[PDB]
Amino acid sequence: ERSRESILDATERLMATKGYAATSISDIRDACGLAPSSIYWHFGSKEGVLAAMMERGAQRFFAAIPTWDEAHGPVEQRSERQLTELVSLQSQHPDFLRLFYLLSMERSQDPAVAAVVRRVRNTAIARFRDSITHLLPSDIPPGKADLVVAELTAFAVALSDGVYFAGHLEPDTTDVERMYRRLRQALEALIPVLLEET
(Lines of atoms letter the chains of each structure in order from A and count residues from 1; the text may use other names and numbers.)
(Lines give C-alpha, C1' and ligand atoms only; values in the text may rest on other atoms or scores of the structure.)
Protein backbone atom coordinates (compact mmCIF):
# COMPACT_ATOMS: atom_id res chain seq x y z
CA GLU A 1 0.00 0.00 0.00
CA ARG A 2 1.45 3.33 -1.12
CA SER A 3 -0.65 5.33 1.34
CA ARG A 4 0.95 3.48 4.26
CA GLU A 5 4.44 4.33 2.99
CA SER A 6 3.84 8.07 2.70
CA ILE A 7 2.64 8.22 6.31
CA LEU A 8 5.77 6.43 7.52
CA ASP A 9 8.07 8.48 5.29
CA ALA A 10 6.46 11.63 6.67
CA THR A 11 6.78 10.37 10.24
CA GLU A 12 10.44 9.38 9.84
CA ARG A 13 11.35 12.79 8.50
CA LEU A 14 9.16 14.52 11.07
CA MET A 15 10.71 12.56 13.95
CA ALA A 16 14.20 13.07 12.55
CA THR A 17 13.43 16.74 13.03
CA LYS A 18 11.24 18.02 15.85
CA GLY A 19 11.21 14.79 17.88
CA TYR A 20 8.33 12.34 18.42
CA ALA A 21 6.69 14.36 21.20
CA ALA A 22 6.55 17.63 19.25
CA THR A 23 5.11 15.84 16.22
CA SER A 24 1.32 15.92 15.92
CA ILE A 25 -0.89 13.72 13.74
CA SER A 26 -1.80 17.07 12.17
CA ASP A 27 1.87 17.64 11.29
CA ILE A 28 1.90 14.18 9.72
CA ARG A 29 -1.13 15.10 7.62
CA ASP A 30 0.54 18.31 6.44
CA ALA A 31 3.50 16.29 5.17
CA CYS A 32 1.88 13.19 3.64
CA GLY A 33 -1.48 14.62 2.53
CA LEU A 34 -3.55 11.96 4.33
CA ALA A 35 -6.22 13.21 6.75
CA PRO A 36 -5.97 12.39 10.50
CA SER A 37 -9.02 10.11 10.18
CA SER A 38 -7.21 8.20 7.42
CA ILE A 39 -4.04 7.89 9.51
CA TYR A 40 -6.01 6.48 12.44
CA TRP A 41 -7.87 4.03 10.20
CA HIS A 42 -4.47 2.63 9.23
CA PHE A 43 -2.36 2.64 12.40
CA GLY A 44 -5.02 3.24 15.07
CA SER A 45 -3.08 5.88 17.00
CA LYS A 46 0.13 7.91 17.04
CA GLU A 47 1.92 5.07 18.81
CA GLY A 48 0.62 2.71 16.13
CA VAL A 49 2.41 4.83 13.53
CA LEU A 50 5.76 4.65 15.32
CA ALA A 51 5.22 0.90 15.69
CA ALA A 52 4.74 0.33 11.96
CA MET A 53 7.58 2.71 11.14
CA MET A 54 9.87 0.87 13.54
CA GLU A 55 9.01 -2.48 11.99
CA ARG A 56 9.75 -1.14 8.50
CA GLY A 57 13.25 0.04 9.40
CA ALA A 58 13.83 -3.45 10.80
CA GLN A 59 12.93 -5.23 7.59
CA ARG A 60 15.24 -2.94 5.60
CA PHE A 61 18.00 -3.62 8.11
CA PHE A 62 17.58 -7.40 8.01
CA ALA A 63 17.02 -7.52 4.23
CA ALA A 64 20.49 -6.05 3.77
CA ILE A 65 21.98 -9.03 5.61
CA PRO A 66 21.89 -12.26 3.61
CA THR A 67 20.55 -15.40 5.23
CA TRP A 68 22.91 -18.38 5.21
CA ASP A 69 21.09 -19.83 2.19
CA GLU A 70 21.28 -16.48 0.37
CA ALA A 71 25.04 -16.34 0.61
CA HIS A 72 26.78 -18.69 -1.73
CA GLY A 73 28.49 -22.12 -0.75
CA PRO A 74 31.11 -21.46 1.62
CA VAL A 75 33.21 -18.47 0.47
CA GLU A 76 34.93 -16.77 1.87
CA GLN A 77 33.58 -19.29 4.40
CA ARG A 78 30.04 -17.63 4.05
CA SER A 79 29.39 -17.00 7.80
CA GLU A 80 31.97 -14.35 7.03
CA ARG A 81 29.79 -13.02 4.21
CA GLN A 82 27.06 -12.29 6.72
CA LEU A 83 29.57 -10.77 9.14
CA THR A 84 30.90 -8.44 6.44
CA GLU A 85 27.39 -7.14 5.70
CA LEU A 86 26.57 -6.78 9.40
CA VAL A 87 29.80 -4.82 9.87
CA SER A 88 28.94 -2.62 6.89
CA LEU A 89 25.50 -1.68 8.24
CA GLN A 90 26.74 -1.25 11.82
CA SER A 91 29.62 0.97 10.69
CA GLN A 92 27.04 3.33 9.18
CA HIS A 93 25.49 3.60 12.65
CA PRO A 94 21.79 2.99 11.84
CA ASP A 95 19.44 5.27 13.77
CA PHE A 96 16.86 2.49 13.49
CA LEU A 97 18.81 0.64 16.18
CA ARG A 98 18.82 3.74 18.41
CA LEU A 99 15.03 3.67 18.32
CA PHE A 100 14.92 -0.07 18.99
CA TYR A 101 17.10 0.21 22.10
CA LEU A 102 15.17 3.28 23.23
CA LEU A 103 11.73 1.69 22.88
CA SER A 104 12.87 -1.59 24.43
CA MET A 105 14.03 0.33 27.51
CA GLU A 106 10.85 2.37 27.94
CA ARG A 107 8.38 1.66 30.74
CA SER A 108 4.68 1.49 29.92
CA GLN A 109 5.09 0.57 26.25
CA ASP A 110 2.14 0.86 23.88
CA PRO A 111 0.92 -2.68 22.99
CA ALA A 112 1.68 -2.16 19.29
CA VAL A 113 5.19 -0.94 20.10
CA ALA A 114 5.76 -3.83 22.51
CA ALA A 115 4.77 -6.36 19.85
CA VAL A 116 7.11 -4.79 17.28
CA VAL A 117 10.05 -4.63 19.72
CA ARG A 118 9.46 -8.29 20.60
CA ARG A 119 9.35 -9.34 16.94
CA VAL A 120 12.42 -7.36 15.87
CA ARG A 121 14.31 -8.84 18.81
CA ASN A 122 13.18 -12.37 17.93
CA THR A 123 14.13 -11.90 14.29
CA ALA A 124 17.59 -10.67 15.29
CA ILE A 125 18.16 -13.67 17.56
CA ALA A 126 16.88 -15.96 14.78
CA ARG A 127 19.20 -14.47 12.14
CA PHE A 128 22.23 -15.00 14.40
CA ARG A 129 21.18 -18.58 15.13
CA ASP A 130 20.85 -19.24 11.39
CA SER A 131 24.49 -18.23 10.96
CA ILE A 132 25.98 -19.85 14.05
CA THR A 133 24.52 -23.37 13.58
CA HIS A 134 27.01 -23.87 10.75
CA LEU A 135 29.98 -23.12 13.02
CA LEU A 136 29.61 -26.43 14.88
CA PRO A 137 31.22 -29.75 13.88
CA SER A 138 29.02 -32.05 11.78
CA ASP A 139 29.08 -34.91 14.30
CA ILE A 140 27.45 -33.17 17.29
CA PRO A 141 24.14 -34.75 18.44
CA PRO A 142 21.14 -32.46 17.63
CA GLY A 143 20.11 -31.89 21.26
CA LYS A 144 23.65 -30.93 22.24
CA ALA A 145 24.02 -28.67 19.21
CA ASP A 146 20.76 -26.91 20.15
CA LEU A 147 22.12 -26.01 23.59
CA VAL A 148 25.51 -24.89 22.32
CA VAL A 149 24.09 -22.87 19.41
CA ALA A 150 21.59 -21.16 21.73
CA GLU A 151 24.24 -20.18 24.27
CA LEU A 152 26.54 -18.99 21.48
CA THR A 153 23.70 -17.00 19.91
CA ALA A 154 22.89 -15.19 23.16
CA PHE A 155 26.58 -14.34 23.46
CA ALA A 156 26.77 -12.98 19.90
CA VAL A 157 23.55 -10.97 20.26
CA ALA A 158 24.86 -9.52 23.53
CA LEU A 159 28.21 -8.49 22.04
CA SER A 160 26.45 -7.10 18.96
CA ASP A 161 24.17 -4.98 21.16
CA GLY A 162 27.22 -3.66 23.00
CA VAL A 163 28.92 -2.80 19.72
CA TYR A 164 26.11 -0.36 18.95
CA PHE A 165 26.52 1.27 22.35
CA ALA A 166 30.26 1.49 21.75
CA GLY A 167 29.62 3.15 18.39
CA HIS A 168 27.13 5.44 20.11
CA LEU A 169 28.98 6.39 23.30
CA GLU A 170 32.52 6.14 21.89
CA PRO A 171 32.00 7.03 18.21
CA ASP A 172 35.48 8.50 17.61
CA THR A 173 37.51 5.60 19.01
CA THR A 174 35.29 2.57 18.26
CA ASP A 175 36.38 0.16 15.53
CA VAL A 176 33.27 -1.79 14.52
CA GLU A 177 34.92 -4.22 12.11
CA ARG A 178 37.59 -4.98 14.70
CA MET A 179 35.08 -5.58 17.50
CA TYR A 180 33.07 -7.98 15.36
CA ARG A 181 36.31 -9.75 14.43
CA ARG A 182 36.94 -10.35 18.12
CA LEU A 183 33.43 -11.78 18.42
CA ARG A 184 34.07 -14.28 15.62
CA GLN A 185 37.32 -15.22 17.33
CA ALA A 186 35.56 -15.45 20.69
CA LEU A 187 32.90 -17.74 19.23
CA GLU A 188 35.57 -20.00 17.73
CA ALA A 189 37.29 -20.43 21.09
CA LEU A 190 34.06 -20.98 23.02
CA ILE A 191 32.77 -23.79 20.79
CA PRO A 192 35.15 -26.43 22.19
CA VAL A 193 34.49 -25.17 25.72
CA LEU A 194 30.71 -25.49 25.38
CA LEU A 195 30.76 -28.89 23.67
CA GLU A 196 32.67 -30.50 26.53
CA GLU A 197 30.85 -28.80 29.40
CA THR A 198 28.88 -31.63 31.00
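The first residue of the sequence shown is number 1, and the count goes up from there.
Is the mean CA B factor in the deposited entry higher across 155 to 163 or across 132 to 140?
-> Comparing averages over the C-alpha atoms only gives 132 to 140.
Mind pulling up the entry and telling me whether 100 to 108 or 69 to 77 has the higher mean Cα temperature factor?
-> Per the deposited B-factors, the answer is 69 to 77.
Out of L187, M15, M179, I25, which one has a C-alpha B factor higher than all the others in the entry?
-> That would be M15.
Taking the chain's C-alpha temperature factors as the reference, tell me which third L169 falls into: lowest, middle or highest.
-> It falls in the bottom third of the chain.
Taking the C-alpha B-factors as the PDB entry records them, is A10 in the lowest, middle or highest third of its chain?
-> Middle third - that is where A10 ends up once the chain's C-alpha B-factors are sorted.
Select lowest, middle or highest to describe the third in which the CA B-factor of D146 falls within its chain in this entry.
-> Its C-alpha B-factor, which the entry lists for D146, ranks in the middle third among residues of this chain.
When the modelled residues of the chain are sorted by Cα temperature factor, does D30 land in the lowest, middle or highest third?
-> Its C-alpha B-factor belongs to the lowest third of this chain's values.
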